[PDB]
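Shown next as structure tokens: one chain only, the form deposited in one PDB entry.
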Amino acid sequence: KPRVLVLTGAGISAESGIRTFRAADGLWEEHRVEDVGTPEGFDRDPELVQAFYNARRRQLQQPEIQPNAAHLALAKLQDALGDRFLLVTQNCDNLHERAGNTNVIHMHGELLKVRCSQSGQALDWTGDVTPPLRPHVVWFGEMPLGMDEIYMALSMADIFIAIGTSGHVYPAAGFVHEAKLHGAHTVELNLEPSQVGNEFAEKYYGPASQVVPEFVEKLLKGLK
């Protein structure tokens, strides 16, 4: 069986009720990235930033937020491939886990974890953060998580699939190039062509809830 590496971004959770970065500004939930998504923003106004992520963490656990068909299809894909499958997500949500995927690499961290910053240790955390703990979230200027295992998988992949990601944020946006260098077949699945879509050998556009189960199903049937 082929080694398959899947990269996901915010687009795969859009239809699950988790709103995406509006590309038109530089705003996330009506906030500037510099203020809520940098270490400097956190130093400058810790209680606003803590409040921002407290809000994101709560919204994540609302009943109307659920895995969609795309999350489920990736769980089925892992079921079929075993250890020849690796899922890397830029998302801080837990929808891959709720869908049934395991060993999900959260290269940008997790909303349901916080970090004792003198510690390097991440701790499970589902409630608000009050009065110094920080969100276990990778901010701009900080090193993404799990990169060693990710780059090893990129060099070994027979198929690399990028789902729901716009190709603006590095190093994740560079994964498609790295995969191609080591001979992988590359696939982009997205609502619209990404900033790096031209690097991909194969591509399909439309809502993830439709496009991803469609691609996964035709991948699985091609196996047997």
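Take the two forms, superpose them, and find the largest set of C-alpha atoms that agree within 1.5 Å; that set is the rigid core. Residues that one form lacks are left out of the comparison. Numbering starts at 1 and runs along the sequence shown.
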property	result
Between neighbours residue 132 and residue 131, residues that the deposited sequence lists but the model omits	10 or more
Higher-scoring stretch by recorded Cα B factor average, 31-39 or 161-169	31-39
Residue range whose averaged C-alpha B-factor is higher in the record, 66-74 or 22-30	22-30
Which of 80, 145, 137, 150 ranks first by CA B-factor in the deposited coordinates	80
Most elevated Cα B-factor in the entry, residues 187, 179, 51, 191	51
Third assignment of residue 115 from its chain's C-alpha B-factors	highest
CA B-factor placement of residue 101, once the chain's modelled residues are sorted into thirds	middle
CA B-factor ranking of residue 201, expressed as a third of its chain	highest
Chain-wide C-alpha B factor ranking for residue 121, given as lowest, middle or highest third	highest
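Just so it is clear, the following notes concern the form deposited in another entry, a form of the same protein that is not shown.
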item: Residue showing a 2 Å-or-more C-alpha displacement between this form and the one not shown once the rigid core is overlaid, selected from 197, 174, 39, 46; value: 197
item: Exceeds or equals 2 Å, Cα of residue 210 between this form and the one not shown, core fit; value: no
item: Residue 197 and residue 78, C-alpha gap in the other form relative to this structure (3 Å or more); value: farther
item: Comparison of CA distance in the other form with shown form for residue 197, residue 7, at least 3 Å; value: farther
item: Large-shift segments between this form and the one not shown, meaning 3+ residue runs whose Cα move 2 Å or more when the rigid core is superposed; value: 19-25, 195-198
